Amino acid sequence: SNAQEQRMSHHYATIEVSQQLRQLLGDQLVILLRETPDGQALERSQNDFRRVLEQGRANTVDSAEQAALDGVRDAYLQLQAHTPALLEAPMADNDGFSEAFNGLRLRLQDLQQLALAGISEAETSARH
């Protein structure tokens, strides 16, 4: 009943916030992989990740998710601490690799979102 939908909604919320952070992390990697990483684009993407993470932390009452998100925050500070100026591959087309990676990782992201939408739609339809 209400308790049931509450918990189901808690998990969908977790899936959604973690999905946003996964995309934003990939956004940062895509930027860093280009031949000349756009510092403006990178700092904006870092800002996105930060805003989503902190809103998540503020809007979770769940003791476990709270714990996980705290761990993500710690690891995100370490990611930024170790972010290099660029990731040049001397013998490869960096722009091309960045684009190929971006294309694939977005398709995987969309495949997961399509499957999830299918799961939810079928469960909702079954309620009839």
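A residue's number is simply how far along the shown sequence it sits, counting from 1.
Per the PDB record, of the two stretches 43-51 and 85-93, 85-93 carries the greater mean B-factor over its C-alpha atoms.
When the C-alpha B-factors of 7-15 and 101-109 are averaged, 7-15 comes out higher. Annotation for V72, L32, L79, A64: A64 ranks highest, by Cα B-factor. The entry lists a Cα temperature factor for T36 that places it in the middle third of the chain's modelled residues.
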